[PDB]
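One structure is given below, encoded as structure tokens.
Labels below follow one simple rule: chain letters A, B, ... track the order of the sequence lines, proteins then strands, and each chain is numbered from 1. Atom set for the values below is all heavy atoms of this structure, side chains included, hydrogens, waters and symmetry mates excluded.
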Amino acid sequence: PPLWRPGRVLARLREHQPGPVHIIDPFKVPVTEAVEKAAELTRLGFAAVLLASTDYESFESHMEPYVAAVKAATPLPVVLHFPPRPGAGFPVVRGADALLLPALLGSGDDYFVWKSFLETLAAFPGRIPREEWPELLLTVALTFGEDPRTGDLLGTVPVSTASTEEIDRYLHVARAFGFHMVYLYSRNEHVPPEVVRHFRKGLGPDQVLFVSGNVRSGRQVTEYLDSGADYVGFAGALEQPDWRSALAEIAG
Amino acid sequence: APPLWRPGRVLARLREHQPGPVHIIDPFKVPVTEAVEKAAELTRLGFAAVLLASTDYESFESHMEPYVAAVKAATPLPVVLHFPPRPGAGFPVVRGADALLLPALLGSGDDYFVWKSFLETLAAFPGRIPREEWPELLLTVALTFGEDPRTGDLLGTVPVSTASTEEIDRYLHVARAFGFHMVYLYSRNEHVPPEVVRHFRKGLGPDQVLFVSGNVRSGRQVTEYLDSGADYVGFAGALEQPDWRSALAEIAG
Ligand SMILES: CC(C)=CCC/C(C)=C/CC/C(C)=C\CO[C@H](COP(=O)(O)O)C(=O)O
Ligand SMILES: CC(C)=CCC/C(C)=C/CC/C(C)=C\CO[C@H](COP(=O)(O)O)C(=O)O
Ligand SMILES: [Mg+2]
């Protein structure tokens, strides 16, 4: 088991061509709808299916079978992305191909900056057999724009875009620490394309750059890809009855 | 559950104890009977802890379990282990130690030594040792000063550049934001500059412990580093000779 070392999922993300990635919120989207969606994501050629939410409860019982249902519907890697909780670390279920581990470098709480990683690894392997664990994608996670929800939960402070001083410190850490990926997120605004470009230029060639938050159109996906993103995530755009139309346009 | 990476009894002692010298015994060089003699004197001098440390080691567990037990039987001071990690194993550990000092080599060009050694170590926990019996972990930023091809070849470190404070300021932002417990400034072949010690003391939080070591052989040097803000001044080599009791009195006096 690679665990924190590069594995199959990271290799796939590094080698696949850049593009959109749909994020299914498993605590909002019924499993039957996730399964329908998963079949389309495969046809569209996305690199992976992310299951992610800021909120969760009864994680293991809900997610082990949710992950299994999704994997029965798509051959694409299923990657989990959820915040950690003191006393438990990051949530995990057997069957997931990988867990995205966000180190919230802009947080004022050292638990969310990185000690969550120590609690998670201490608890490993736990109830899940060693060879069956998901791979761990070590990720620098940064938040943009006003966001009191993530701020109250995780201690994050919006990254300053007044200059490159803060961002450059995060790039030095991303590189020296050997992180696998950088995830740029905005809950309420949009990550600036200029920031995406700055990150693509400052990161090593094998470091994967994800951007998400309020992406609702194919034009936005193209703009972020043109700015250097490897993957552009989107969740909310498909949380409605007419999601097939929306998905076609965002991917089109 | 064991405090592990959370602050525990050893960190509280290091935070609260009067600043001063700390003798470091290299257990792979110093015979255990001599370590026990030394431990008794360290206790009388009221040092904060006894560090057992070496750059080199082999057969760690069979050598160190009884060595640590002998030293613990000779002093009530906490016994702290400090050794480099090895890929595939992480940091070495034995039961009975009070704490392991975990160095994150922020100046290394190898990400394993920068911090992935911590992930390998915690993944392996609890391993062969019962959870309640594990040592506490002191999360430490470790930096090297001066030419040192030995640590460079072994761990990938590059000497910290003091031509500006840019590099150390980035390490201080990490030490603070990541909530490290301690910072360890080391020079294998030279001396950490007292002005760098002052820079770190001024930039760290009040609860972050600052250790300096490397070629400390006189009481004057200990005083200069304490005056500069070091919480602890480590010294090993000065006592690796027959006349160590005289050397110890001069360094601690
Ligand atoms: C803060 C952070 C990056 C990591 C900490 C862990 C954490 C809070 C993980 C949850 C996943 C996440 C970052 C945001 C939630 O929704 C968006 C899609 O947004 P849209 O509906 O606008 O398309 C997504 O999953 O990307
Ligand atoms: C490079 C680093 C700080 C950590 C990585 C792990 C590592 C190499 C740990 C071994 C302990 C160490 C840092 C130096 C060895 O001797 C000195 C004192 O020297 P003196 O004989 O000159 O008094 C000591 O133990 O401090
Ligand atoms: Mg473990």
Interface of chain A and chain B, donor-acceptor atom pairs under 3.5 Å:
residue : atom : partner : partner atom : Å
A/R5    : NH2  : B/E120  : OE2          : 3.3
A/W114  : NE1  : B/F178  : O            : 2.8
A/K115  : NZ   : B/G179  : O            : 2.8
A/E119  : OE2  : B/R6    : NH2          : 3.2
A/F177  : O    : B/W115  : NE1          : 2.8
A/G178  : O    : B/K116  : NZ           : 2.8

Most contacts with chain A, counted as non-hydrogen pairs under 4.5 angstrom, among B/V114, B/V174, B/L119
B/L119
Given that the side chain runs from C-beta out, which part of A/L138 has a heavy atom under 4.5 Å from chain B: side chain, backbone, both or neither?
side chain
